[PDB]
Amino acid sequence: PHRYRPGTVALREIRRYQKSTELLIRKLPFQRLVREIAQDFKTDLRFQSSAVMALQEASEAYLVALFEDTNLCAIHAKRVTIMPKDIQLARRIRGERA
Amino acid sequence: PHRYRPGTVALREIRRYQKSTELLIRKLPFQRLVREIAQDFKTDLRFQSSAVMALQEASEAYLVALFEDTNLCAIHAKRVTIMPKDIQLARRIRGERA
Amino acid sequence: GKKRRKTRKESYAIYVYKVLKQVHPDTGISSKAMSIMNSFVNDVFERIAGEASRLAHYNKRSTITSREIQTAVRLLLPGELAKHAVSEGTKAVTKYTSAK
Amino acid sequence: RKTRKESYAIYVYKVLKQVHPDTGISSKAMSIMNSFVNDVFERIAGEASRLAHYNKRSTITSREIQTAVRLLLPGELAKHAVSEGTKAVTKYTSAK
Amino acid sequence: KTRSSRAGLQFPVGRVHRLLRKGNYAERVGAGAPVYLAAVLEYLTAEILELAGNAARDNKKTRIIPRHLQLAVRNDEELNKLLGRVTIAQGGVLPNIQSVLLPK
Amino acid sequence: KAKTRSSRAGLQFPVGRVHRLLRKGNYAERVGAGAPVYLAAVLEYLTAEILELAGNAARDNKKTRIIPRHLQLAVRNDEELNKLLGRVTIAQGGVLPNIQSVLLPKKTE
Amino acid sequence: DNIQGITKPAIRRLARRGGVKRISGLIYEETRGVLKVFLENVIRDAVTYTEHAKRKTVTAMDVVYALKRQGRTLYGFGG
Amino acid sequence: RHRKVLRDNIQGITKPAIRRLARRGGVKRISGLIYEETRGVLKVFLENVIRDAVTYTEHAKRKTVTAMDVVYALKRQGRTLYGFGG
DNA sequence: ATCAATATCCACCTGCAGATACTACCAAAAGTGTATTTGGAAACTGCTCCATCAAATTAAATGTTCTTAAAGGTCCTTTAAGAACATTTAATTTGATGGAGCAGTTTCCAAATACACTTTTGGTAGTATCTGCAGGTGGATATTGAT
DNA sequence: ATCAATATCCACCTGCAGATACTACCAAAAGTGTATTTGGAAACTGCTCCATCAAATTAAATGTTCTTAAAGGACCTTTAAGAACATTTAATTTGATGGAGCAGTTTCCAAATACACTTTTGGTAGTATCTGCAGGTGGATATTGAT
Ligand SMILES: [Mn+2]
Ligand SMILES: [Mn+2]
Ligand SMILES: [Mn+2]
Ligand SMILES: [Mn+2]
Ligand SMILES: [Mn+2]
Ligand SMILES: [Mn+2]
Ligand SMILES: [Mn+2]
Ligand SMILES: [Mn+2]
Ligand SMILES: [Mn+2]
Ligand SMILES: [Mn+2]
Ligand SMILES: [Mn+2]
Ligand SMILES: [Mn+2]
Ligand SMILES: [Mn+2]
Ligand SMILES: [Mn+2]
Ligand SMILES: [Mn+2]
């Protein structure tokens, strides 16, 4: 019977994902969200596959980048757990809000 | 003798200084600083009176904007005292540094 | 009159004023407040006309029409302002086109 | 059935061949370079556009480009680019 | 009769047309554009003067000052966003102290 | 013809084209005959620097073909390039590997 | 549904890539919030461009330009 | 004619002045360590804007820096400032 | 330190996507060459405002004494989040298949631009009299900190 | 829940700095109206690619169960930063003077556009041939956490 330390797979997954570049959200769900949202601005819109892909590529940049800044926030509070208040603080200071 | 508790004059100075709009750095010192720096780009420059004023305005506007963010980082760490790390985190998230 | 003629510096100052009297007929405006207000018109002029600039270009259009401005406005202004501005913009172009 | 979609694909390549003649580029990555080239072109021509406007000039000359390049590129990168810019203009007017 | 009047606007349709041509935003500039643009700018002028107007009066003053313009903008979500990255010279800030700083 | 405006300056990039792009882009009424030359060169230089930096990136990773991820590395390592494109997001370029040192093996090391 | 389609593990993958080690339970709903806001803002602009060019298809240039004026420029679709 | 050696005027930005700013900024308590840090940032800021301002002055072949020189600087700096022209 | 449990790095191998090679077509682009308009660099200089200086006045900086409640650290308990495996739920992948609509192409005309003479007006300027509010005052009221 | 020292409040007044208001002049602008040109709307149509099947095939999410260490709370000591005042430094204000240099103007050609005519190619289609590396296992060494 084997058990790893709480946090060691985490570090494996960090190094793993930072090494790689594949989009980490599953293509389909994301594709549904785009349509659902786009529906509110104009109904019965068709999407170029490239155009949904552009949108995912960027959504993904955004959140990763934001998690970097969210991270530096939790660390600042002498913590190692990202928490909403960290996200809200990072966004306040970025200008999205205020 | 009557003594005020720490951080009451402070708060009184906050209200005082938010209520007003004068500039809080002295005309002349600030003006020298401009001229000193402007020297590294050009020897013997001249400065329109209003061209300096334009700079002090943005400066003070900026330094107040930063202190607000700084203050929210101090508060984030359950501090009420801003510290250099707060100014740096805030500028890091702003994307002014790293 | 004149010192070898110093050239004309224009600003929206008189219009900013007329409009001030349309909402607040007993209210002033300092030179410093007017100047600010003047930068606000240029800032927004530019911002819009630059958005309209790019918009024509994206569509291979050599002409900025009321429709380029209209879309520019909806890209630039936030919710309600976009709502009312469009409403006023359409009001004015309409009144002007059938005015002859 | 023909409408030209002119890109910087080949000029990127010619230059790739100079800096690295043993090396190729994926289309994914070539596209990035086409985006980069246009982006920067815009920034600089835009910034140059403003300059002439600020100075009530109707002509964008080599000089406007130059200042813009200084305004836009970081110190050391602006440093090299100015040199390469002045080379090209000099060599071009030195020509027959 | 002027085009401004012809469109029923205080702002200068004539000038706005000219500036559009002087800026080189496009090779051609339709007749509709300067009209809409003057309109929108007039409305925006009106919105902000209205608000500061009232801010002047709240503070018992009849002459609007840059401060009144700040108070107008920063207290209004939409205006504050549009002027999100703009600085109103001599404007000060909204009086605002964080809760956790007040004495208890 | 005789000589391409591109070669006259020792530039691979299309001087002739860039000149034309400047006219129809509505940047100013007039465009000077030396303007695009300067510009072409500058674009070449910048194209040269990244290709070069990413051409190297393909070395350290065994490959003869530059993919997106190389460019990302090329840029986010160069302090001066990272800045120039600090507002650009490169498609399929991932991140630079980095872990905050208070997150590492046995306490704050 | 839908916004829930963005799976708790997928959010974890992004926190990892972004260098986060330990994650609060509440982060997932908060992230779901954040992204929708990000998508609403970009898609609104995307669709405006789509509408203005009288198309019924949101092309990639539309998305590209939306991202450019959002200050979040994107290379490698924009041609 | 003089044109004096201006050196380290950065100390002319006093601890009391930096306080009043933090105060309008809504900061109750300031580490003594801030004042130096703040003199850092202001110096970086001013450098950035004046660098750009002066580039414009040079470009117009002027020896005087105009307020429009600072106004455009700040525009392209990302910090638009109203009420000084433009 | 001993040691078994996974994880990683190393070599080596290989099918096919996705680059690349070779022909050929061409409209549109890049040049050249030749008459023709014009932007701004040169020059000159009116005259605007910027550097500077002194002296008086007035405001803010500083350096120092006292203190206390903030930070920061240790040591405690509470429970939230990682690791893991056993299910179920979902997403991808394929293949075939309608047919939305984006993009080409040719009309043609409402509306753009042209260059022309015509009328208005916003700004400059000078000269002159108002007026809204800082800024100083006093006396009355609220706040704070010690009880 | 009282006391006093101190700040904050408004009412009232005075001076001046800026705001407003005559007037009178004018160049560049904004108008009315011609004559020529031309963008891009519209209407069409050809085919690229967006949507959507059901149906095998792969890959991921959700739930659960034991577990550990992180988060946060209570207590305690260190000290660093606020409050306050005596002392001293510096900015600001007024006022007047010398000169750089910005910006207004007349001038006039290297250099721009403008225009036809000549040549070139960079993009596209079609056809095919090639290859760099993903993703596949193989089995030493490497890391991590049970002793
Ligand atoms: Mn360095
Ligand atoms: Mn504590
Ligand atoms: Mn301590
Ligand atoms: Mn807990
Ligand atoms: Mn159809
Ligand atoms: Mn008049
Ligand atoms: Mn008062
Ligand atoms: Mn008193
Ligand atoms: Mn009273
Ligand atoms: Mn046509
Ligand atoms: Mn803790
Ligand atoms: Mn002189
Ligand atoms: Mn060829
Ligand atoms: Mn592999
Ligand atoms: Mn294997």
# chains A, B, ... in the order shown; residues from 1 in each chain; ligands from 1
>>> select_by_dssp(residues="segment 22-53 of chain G", states="alpha helix (DSSP H)", output="PDB file with N, CA, C and O atoms, in the first residue's frame")
ATOM      1  N   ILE G  27     -12.960  28.359  -4.806  1.00  0.00           N
ATOM      2  CA  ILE G  27     -12.332  28.907  -6.011  1.00  0.00           C
ATOM      3  C   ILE G  27     -13.083  28.581  -7.302  1.00  0.00           C
ATOM      4  O   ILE G  27     -13.069  29.370  -8.240  1.00  0.00           O
ATOM      5  N   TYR G  28     -13.744  27.430  -7.344  1.00  0.00           N
ATOM      6  CA  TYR G  28     -14.334  26.943  -8.584  1.00  0.00           C
ATOM      7  C   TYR G  28     -15.528  27.780  -9.018  1.00  0.00           C
ATOM      8  O   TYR G  28     -15.603  28.214 -10.169  1.00  0.00           O
ATOM      9  N   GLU G  29     -16.449  28.037  -8.100  1.00  0.00           N
ATOM     10  CA  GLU G  29     -17.554  28.913  -8.438  1.00  0.00           C
ATOM     11  C   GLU G  29     -17.021  30.301  -8.761  1.00  0.00           C
ATOM     12  O   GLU G  29     -17.438  30.906  -9.754  1.00  0.00           O
ATOM     13  N   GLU G  30     -16.080  30.790  -7.954  1.00  0.00           N
ATOM     14  CA  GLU G  30     -15.502  32.103  -8.210  1.00  0.00           C
ATOM     15  C   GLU G  30     -14.861  32.193  -9.607  1.00  0.00           C
ATOM     16  O   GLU G  30     -15.014  33.208 -10.286  1.00  0.00           O
ATOM     17  N   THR G  31     -14.170  31.132 -10.037  1.00  0.00           N
ATOM     18  CA  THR G  31     -13.527  31.094 -11.363  1.00  0.00           C
ATOM     19  C   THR G  31     -14.577  31.046 -12.458  1.00  0.00           C
ATOM     20  O   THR G  31     -14.473  31.768 -13.460  1.00  0.00           O
ATOM     21  N   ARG G  32     -15.586  30.199 -12.265  1.00  0.00           N
ATOM     22  CA  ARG G  32     -16.743  30.158 -13.164  1.00  0.00           C
ATOM     23  C   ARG G  32     -17.358  31.554 -13.358  1.00  0.00           C
ATOM     24  O   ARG G  32     -17.685  31.936 -14.482  1.00  0.00           O
ATOM     25  N   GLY G  33     -17.486  32.308 -12.262  1.00  0.00           N
ATOM     26  CA  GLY G  33     -17.878  33.713 -12.315  1.00  0.00           C
ATOM     27  C   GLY G  33     -16.972  34.476 -13.263  1.00  0.00           C
ATOM     28  O   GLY G  33     -17.412  34.934 -14.324  1.00  0.00           O
ATOM     29  N   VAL G  34     -15.694  34.562 -12.892  1.00  0.00           N
ATOM     30  CA  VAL G  34     -14.656  35.294 -13.628  1.00  0.00           C
ATOM     31  C   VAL G  34     -14.640  35.084 -15.154  1.00  0.00           C
ATOM     32  O   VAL G  34     -14.591  36.048 -15.924  1.00  0.00           O
ATOM     33  N   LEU G  35     -14.666  33.822 -15.581  1.00  0.00           N
ATOM     34  CA  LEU G  35     -14.563  33.483 -17.002  1.00  0.00           C
ATOM     35  C   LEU G  35     -15.789  33.947 -17.776  1.00  0.00           C
ATOM     36  O   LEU G  35     -15.666  34.484 -18.878  1.00  0.00           O
ATOM     37  N   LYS G  36     -16.973  33.742 -17.201  1.00  0.00           N
ATOM     38  CA  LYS G  36     -18.188  34.189 -17.853  1.00  0.00           C
ATOM     39  C   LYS G  36     -18.089  35.686 -18.118  1.00  0.00           C
ATOM     40  O   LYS G  36     -18.368  36.134 -19.234  1.00  0.00           O
ATOM     41  N   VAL G  37     -17.660  36.446 -17.107  1.00  0.00           N
ATOM     42  CA  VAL G  37     -17.434  37.890 -17.263  1.00  0.00           C
ATOM     43  C   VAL G  37     -16.439  38.181 -18.385  1.00  0.00           C
ATOM     44  O   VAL G  37     -16.664  39.083 -19.191  1.00  0.00           O
ATOM     45  N   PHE G  38     -15.357  37.403 -18.439  1.00  0.00           N
ATOM     46  CA  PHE G  38     -14.373  37.520 -19.503  1.00  0.00           C
ATOM     47  C   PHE G  38     -14.993  37.225 -20.867  1.00  0.00           C
ATOM     48  O   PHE G  38     -14.759  37.947 -21.831  1.00  0.00           O
ATOM     49  N   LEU G  39     -15.787  36.163 -20.938  1.00  0.00           N
ATOM     50  CA  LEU G  39     -16.429  35.783 -22.183  1.00  0.00           C
ATOM     51  C   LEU G  39     -17.519  36.759 -22.635  1.00  0.00           C
ATOM     52  O   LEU G  39     -17.567  37.137 -23.804  1.00  0.00           O
ATOM     53  N   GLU G  40     -18.381  37.178 -21.717  1.00  0.00           N
ATOM     54  CA  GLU G  40     -19.381  38.188 -22.037  1.00  0.00           C
ATOM     55  C   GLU G  40     -18.753  39.429 -22.693  1.00  0.00           C
ATOM     56  O   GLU G  40     -19.240  39.891 -23.734  1.00  0.00           O
ATOM     57  N   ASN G  41     -17.666  39.938 -22.107  1.00  0.00           N
ATOM     58  CA  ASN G  41     -17.031  41.166 -22.576  1.00  0.00           C
ATOM     59  C   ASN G  41     -16.468  41.042 -23.985  1.00  0.00           C
ATOM     60  O   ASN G  41     -16.638  41.941 -24.821  1.00  0.00           O
ATOM     61  N   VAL G  42     -15.802  39.922 -24.243  1.00  0.00           N
ATOM     62  CA  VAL G  42     -15.159  39.697 -25.523  1.00  0.00           C
ATOM     63  C   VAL G  42     -16.204  39.348 -26.579  1.00  0.00           C
ATOM     64  O   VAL G  42     -16.207  39.928 -27.661  1.00  0.00           O
ATOM     65  N   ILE G  43     -17.110  38.431 -26.255  1.00  0.00           N
ATOM     66  CA  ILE G  43     -18.153  38.040 -27.207  1.00  0.00           C
ATOM     67  C   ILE G  43     -19.091  39.193 -27.611  1.00  0.00           C
ATOM     68  O   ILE G  43     -19.491  39.272 -28.770  1.00  0.00           O
ATOM     69  N   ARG G  44     -19.427  40.078 -26.669  1.00  0.00           N
ATOM     70  CA  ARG G  44     -20.236  41.258 -26.984  1.00  0.00           C
ATOM     71  C   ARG G  44     -19.601  42.059 -28.121  1.00  0.00           C
ATOM     72  O   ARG G  44     -20.298  42.488 -29.052  1.00  0.00           O
ATOM     73  N   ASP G  45     -18.281  42.255 -28.023  1.00  0.00           N
ATOM     74  CA  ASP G  45     -17.504  43.005 -29.023  1.00  0.00           C
ATOM     75  C   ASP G  45     -17.354  42.198 -30.294  1.00  0.00           C
ATOM     76  O   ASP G  45     -17.434  42.740 -31.403  1.00  0.00           O
ATOM     77  N   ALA G  46     -17.131  40.897 -30.117  1.00  0.00           N
ATOM     78  CA  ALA G  46     -17.000  39.972 -31.231  1.00  0.00           C
ATOM     79  C   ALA G  46     -18.235  40.089 -32.099  1.00  0.00           C
ATOM     80  O   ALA G  46     -18.138  40.330 -33.310  1.00  0.00           O
ATOM     81  N   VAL G  47     -19.391  39.966 -31.446  1.00  0.00           N
ATOM     82  CA  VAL G  47     -20.685  39.955 -32.120  1.00  0.00           C
ATOM     83  C   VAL G  47     -20.997  41.307 -32.736  1.00  0.00           C
ATOM     84  O   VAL G  47     -21.539  41.352 -33.830  1.00  0.00           O
ATOM     85  N   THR G  48     -20.640  42.396 -32.054  1.00  0.00           N
ATOM     86  CA  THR G  48     -20.773  43.727 -32.642  1.00  0.00           C
ATOM     87  C   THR G  48     -20.084  43.784 -34.019  1.00  0.00           C
ATOM     88  O   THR G  48     -20.705  44.174 -35.009  1.00  0.00           O
ATOM     89  N   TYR G  49     -18.817  43.368 -34.083  1.00  0.00           N
ATOM     90  CA  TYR G  49     -18.103  43.269 -35.358  1.00  0.00           C
ATOM     91  C   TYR G  49     -18.850  42.341 -36.316  1.00  0.00           C
ATOM     92  O   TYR G  49     -19.039  42.676 -37.491  1.00  0.00           O
ATOM     93  N   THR G  50     -19.291  41.188 -35.811  1.00  0.00           N
ATOM     94  CA  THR G  50     -20.087  40.277 -36.624  1.00  0.00           C
ATOM     95  C   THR G  50     -21.343  40.943 -37.164  1.00  0.00           C
ATOM     96  O   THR G  50     -21.653  40.773 -38.331  1.00  0.00           O
ATOM     97  N   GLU G  51     -22.042  41.708 -36.325  1.00  0.00           N
ATOM     98  CA  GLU G  51     -23.283  42.376 -36.731  1.00  0.00           C
ATOM     99  C   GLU G  51     -22.966  43.443 -37.752  1.00  0.00           C
ATOM    100  O   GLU G  51     -23.595  43.522 -38.803  1.00  0.00           O
ATOM    101  N   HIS G  52     -21.969  44.261 -37.445  1.00  0.00           N
ATOM    102  CA  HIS G  52     -21.665  45.415 -38.274  1.00  0.00           C
ATOM    103  C   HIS G  52     -21.289  45.030 -39.696  1.00  0.00           C
ATOM    104  O   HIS G  52     -21.560  45.773 -40.642  1.00  0.00           O
TER     105      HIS G  52
END
>>> interface_residues(of="chain E", to="chain D", cutoff="12 Å", atoms="only C-alpha atoms", output="list in words")
residues 19, 22, 23, 24 and 25 of chain E
>>> write_last_selection(atoms="C-alpha atoms", output="PDB file, in the first residue's frame")
ATOM      1  CA  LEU E  19     -11.732  67.449 -37.880  1.00  0.00           C
ATOM      2  CA  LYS E  22      -8.082  66.464 -40.910  1.00  0.00           C
ATOM      3  CA  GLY E  23      -7.401  63.310 -38.880  1.00  0.00           C
ATOM      4  CA  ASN E  24      -7.366  60.892 -41.784  1.00  0.00           C
ATOM      5  CA  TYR E  25      -9.504  58.257 -40.095  1.00  0.00           C
TER       6      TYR E  25
END
>>> residues_near_ligand(ligand="ligand 7", cutoff="9 Å", atoms="only C-alpha atoms (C1' of nucleotides) and all ligand atoms", output="list in words")
residues 133, 134, 135 and 136 of chain I
>>> residues_near_ligand(ligand="ligand 9", cutoff="9 Å", atoms="only C-alpha atoms (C1' of nucleotides) and all ligand atoms", output="count of residues only")
7
>>> residues_near_ligand(ligand="ligand 11", cutoff="12 Å", atoms="only C-alpha atoms (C1' of nucleotides) and all ligand atoms", output="ChimeraX atom specification")
/A:75,77-81 /B:77-78 /I:72-76 /J:69-73
>>> residues_around(residues="residue 94 of chain I", least_positions_apart="4", cutoff="12 Å", atoms="only C-alpha atoms (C1' of nucleotides)", output="VMD selection string")
chain J and resid 53 to 57
>>> residues_around(residues="segment 28-32 of chain A", least_positions_apart="6", cutoff="10 Å", atoms="only C-alpha atoms (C1' of nucleotides)", output="PyMOL selection string")
(chain A and resi 38+47+49+52-53+55-56+59) or (chain G and resi 2-7) or (chain I and resi 90-92)
>>> write_last_selection(atoms="N, CA, C and O atoms (P, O5', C5', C4', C3', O3' and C1' of nucleotides)", output="mmCIF file, in the first residue's frame")
data_model
loop_
_atom_site.group_PDB
_atom_site.id
_atom_site.type_symbol
_atom_site.label_atom_id
_atom_site.label_comp_id
_atom_site.auth_asym_id
_atom_site.auth_seq_id
_atom_site.Cartn_x
_atom_site.Cartn_y
_atom_site.Cartn_z
ATOM 1 N N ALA A 38 -23.087 33.894 -26.447
ATOM 2 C CA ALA A 38 -23.277 34.624 -27.704
ATOM 3 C C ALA A 38 -24.747 34.749 -28.075
ATOM 4 O O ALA A 38 -25.148 35.701 -28.750
ATOM 5 N N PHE A 47 -20.543 29.872 -35.724
ATOM 6 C CA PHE A 47 -19.165 30.135 -35.311
ATOM 7 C C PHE A 47 -18.166 29.407 -36.174
ATOM 8 O O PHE A 47 -18.190 28.173 -36.251
ATOM 9 N N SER A 49 -14.927 27.517 -36.613
ATOM 10 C CA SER A 49 -14.247 26.648 -35.663
ATOM 11 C C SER A 49 -12.988 27.336 -35.148
ATOM 12 O O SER A 49 -12.673 27.240 -33.963
ATOM 13 N N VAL A 52 -13.979 29.959 -32.488
ATOM 14 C CA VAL A 52 -14.250 29.441 -31.153
ATOM 15 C C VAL A 52 -12.911 29.093 -30.506
ATOM 16 O O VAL A 52 -12.728 29.280 -29.300
ATOM 17 N N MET A 53 -11.976 28.622 -31.332
ATOM 18 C CA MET A 53 -10.649 28.210 -30.884
ATOM 19 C C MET A 53 -9.832 29.406 -30.420
ATOM 20 O O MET A 53 -9.191 29.361 -29.362
ATOM 21 N N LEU A 55 -11.047 32.105 -29.220
ATOM 22 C CA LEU A 55 -11.641 32.428 -27.935
ATOM 23 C C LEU A 55 -11.193 31.526 -26.781
ATOM 24 O O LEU A 55 -11.073 32.003 -25.657
ATOM 25 N N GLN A 56 -10.949 30.241 -27.045
ATOM 26 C CA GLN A 56 -10.526 29.330 -25.974
ATOM 27 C C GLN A 56 -9.075 29.587 -25.617
ATOM 28 O O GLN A 56 -8.717 29.676 -24.449
ATOM 29 N N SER A 59 -9.123 32.714 -23.418
ATOM 30 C CA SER A 59 -9.748 32.444 -22.138
ATOM 31 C C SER A 59 -8.740 31.773 -21.212
ATOM 32 O O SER A 59 -8.663 32.055 -20.006
ATOM 33 N N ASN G 2 -24.385 24.091 -18.139
ATOM 34 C CA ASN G 2 -23.538 24.890 -19.030
ATOM 35 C C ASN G 2 -22.257 25.443 -18.422
ATOM 36 O O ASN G 2 -21.171 24.945 -18.713
ATOM 37 N N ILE G 3 -22.391 26.475 -17.593
ATOM 38 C CA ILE G 3 -21.258 27.055 -16.878
ATOM 39 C C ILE G 3 -20.672 26.005 -15.948
ATOM 40 O O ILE G 3 -19.466 25.993 -15.695
ATOM 41 N N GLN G 4 -21.527 25.104 -15.471
ATOM 42 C CA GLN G 4 -21.077 23.955 -14.701
ATOM 43 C C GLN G 4 -20.294 22.988 -15.571
ATOM 44 O O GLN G 4 -19.543 22.158 -15.059
ATOM 45 N N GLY G 5 -20.465 23.107 -16.884
ATOM 46 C CA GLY G 5 -19.734 22.284 -17.843
ATOM 47 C C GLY G 5 -18.234 22.463 -17.730
ATOM 48 O O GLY G 5 -17.458 21.631 -18.217
ATOM 49 N N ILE G 6 -17.827 23.558 -17.089
ATOM 50 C CA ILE G 6 -16.414 23.833 -16.840
ATOM 51 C C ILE G 6 -15.999 23.177 -15.526
ATOM 52 O O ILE G 6 -16.235 23.694 -14.424
ATOM 53 N N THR G 7 -15.372 22.021 -15.686
ATOM 54 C CA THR G 7 -15.202 21.050 -14.622
ATOM 55 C C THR G 7 -14.163 21.438 -13.587
ATOM 56 O O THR G 7 -13.078 21.921 -13.923
ATOM 57 P P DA I 90 -23.202 13.082 -17.851
ATOM 58 O "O5'" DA I 90 -21.764 13.133 -18.533
ATOM 59 C "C5'" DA I 90 -20.776 14.009 -18.015
ATOM 60 C "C4'" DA I 90 -19.647 14.161 -19.014
ATOM 61 C "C3'" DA I 90 -20.026 14.705 -20.391
ATOM 62 O "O3'" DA I 90 -18.968 15.527 -20.812
ATOM 63 C "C1'" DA I 90 -18.984 12.597 -20.645
ATOM 64 P P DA I 91 -19.170 16.789 -21.754
ATOM 65 O "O5'" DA I 91 -17.791 16.850 -22.560
ATOM 66 C "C5'" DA I 91 -16.564 16.441 -21.947
ATOM 67 C "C4'" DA I 91 -15.705 15.639 -22.911
ATOM 68 C "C3'" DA I 91 -15.714 16.107 -24.372
ATOM 69 O "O3'" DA I 91 -14.392 16.110 -24.889
ATOM 70 C "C1'" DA I 91 -16.199 13.818 -24.262
ATOM 71 P P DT I 92 -13.937 17.080 -26.078
ATOM 72 O "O5'" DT I 92 -13.320 16.090 -27.168
ATOM 73 C "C5'" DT I 92 -12.292 15.193 -26.723
ATOM 74 C "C4'" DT I 92 -12.263 13.874 -27.472
ATOM 75 C "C3'" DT I 92 -12.136 14.037 -28.977
ATOM 76 O "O3'" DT I 92 -11.083 13.223 -29.427
ATOM 77 C "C1'" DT I 92 -13.858 12.529 -28.460
#
>>> interface_residues(of="chain I", to="chain D", cutoff="10 Å", atoms="only C-alpha atoms (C1' of nucleotides)", output="list in words")
residues 18, 19, 26, 27, 28, 39, 40, 103, 104 and 105 of chain I
>>> interface_residues(of="chain F", to="chain G", cutoff="8 Å", atoms="only C-alpha atoms", output="list in words")
residues 87, 88, 89, 90, 91, 95, 98, 99, 100 and 103 of chain F
>>> write_last_selection(atoms="N, CA and C atoms", output="mmCIF file, in the first residue's frame")
data_model
loop_
_atom_site.group_PDB
_atom_site.id
_atom_site.type_symbol
_atom_site.label_atom_id
_atom_site.label_comp_id
_atom_site.auth_asym_id
_atom_site.auth_seq_id
_atom_site.Cartn_x
_atom_site.Cartn_y
_atom_site.Cartn_z
ATOM 1 N N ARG F 87 1.636 42.652 -23.784
ATOM 2 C CA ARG F 87 0.186 42.695 -23.939
ATOM 3 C C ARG F 87 -0.308 41.711 -25.006
ATOM 4 N N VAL F 88 0.632 40.978 -25.605
ATOM 5 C CA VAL F 88 0.318 39.978 -26.616
ATOM 6 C C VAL F 88 0.220 38.604 -25.980
ATOM 7 N N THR F 89 -0.724 37.794 -26.454
ATOM 8 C CA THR F 89 -0.804 36.393 -26.054
ATOM 9 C C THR F 89 -0.571 35.506 -27.270
ATOM 10 N N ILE F 90 0.462 34.663 -27.182
ATOM 11 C CA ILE F 90 0.836 33.739 -28.256
ATOM 12 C C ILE F 90 0.035 32.440 -28.148
ATOM 13 N N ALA F 91 -0.615 32.077 -29.246
ATOM 14 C CA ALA F 91 -1.441 30.888 -29.285
ATOM 15 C C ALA F 91 -0.592 29.642 -29.062
ATOM 16 N N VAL F 95 3.448 28.426 -20.871
ATOM 17 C CA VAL F 95 4.110 29.390 -20.000
ATOM 18 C C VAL F 95 5.595 29.051 -19.836
ATOM 19 N N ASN F 98 7.803 27.919 -13.790
ATOM 20 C CA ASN F 98 8.201 28.664 -12.614
ATOM 21 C C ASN F 98 7.313 28.339 -11.437
ATOM 22 N N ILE F 99 7.945 28.042 -10.307
ATOM 23 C CA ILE F 99 7.260 27.728 -9.058
ATOM 24 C C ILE F 99 7.805 28.653 -7.985
ATOM 25 N N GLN F 100 6.911 29.326 -7.262
ATOM 26 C CA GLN F 100 7.318 30.204 -6.155
ATOM 27 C C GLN F 100 7.978 29.396 -5.034
ATOM 28 N N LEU F 103 6.769 27.376 -2.096
ATOM 29 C CA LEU F 103 5.925 26.225 -2.399
ATOM 30 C C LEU F 103 6.706 24.909 -2.467
#
>>> residues_near_ligand(ligand="ligand 5", cutoff="9 Å", atoms="only C-alpha atoms (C1' of nucleotides) and all ligand atoms", output="ChimeraX atom specification")
/I:99-101 /J:45
>>> residues_near_ligand(ligand="ligand 13", cutoff="12 Å", atoms="only C-alpha atoms (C1' of nucleotides) and all ligand atoms", output="PyMOL selection string")
(chain D and resi 10) or (chain I and resi 23-26) or (chain J and resi 120-124)
>>> interface_residues(of="chain A", to="chain J", cutoff="8 Å", atoms="only C-alpha atoms (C1' of nucleotides)", output="JSON, numbers by chain")
{"A": [2, 4, 6, 46, 47, 48]}
>>> write_last_selection(atoms="N, CA and C atoms", output="PDB file, in the first residue's frame")
ATOM      1  N   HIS A   2       0.608   2.157  -0.980  1.00  0.00           N
ATOM      2  CA  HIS A   2       1.400   3.376  -1.176  1.00  0.00           C
ATOM      3  C   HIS A   2       0.588   4.647  -0.917  1.00  0.00           C
ATOM      4  N   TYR A   4       1.449   9.049  -1.100  1.00  0.00           N
ATOM      5  CA  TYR A   4       2.304  10.230  -1.297  1.00  0.00           C
ATOM      6  C   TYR A   4       1.936  11.367  -0.347  1.00  0.00           C
ATOM      7  N   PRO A   6       0.770  14.970   0.995  1.00  0.00           N
ATOM      8  CA  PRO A   6      -0.194  15.932   0.477  1.00  0.00           C
ATOM      9  C   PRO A   6       0.535  17.128  -0.110  1.00  0.00           C
ATOM     10  N   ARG A  46     -23.777  31.454 -36.201  1.00  0.00           N
ATOM     11  CA  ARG A  46     -22.802  30.404 -36.493  1.00  0.00           C
ATOM     12  C   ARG A  46     -21.361  30.839 -36.136  1.00  0.00           C
ATOM     13  N   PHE A  47     -20.543  29.872 -35.724  1.00  0.00           N
ATOM     14  CA  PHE A  47     -19.165  30.135 -35.311  1.00  0.00           C
ATOM     15  C   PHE A  47     -18.166  29.407 -36.174  1.00  0.00           C
ATOM     16  N   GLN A  48     -17.263  30.152 -36.794  1.00  0.00           N
ATOM     17  CA  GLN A  48     -16.076  29.516 -37.355  1.00  0.00           C
ATOM     18  C   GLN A  48     -15.382  28.714 -36.260  1.00  0.00           C
TER      19      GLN A  48
END
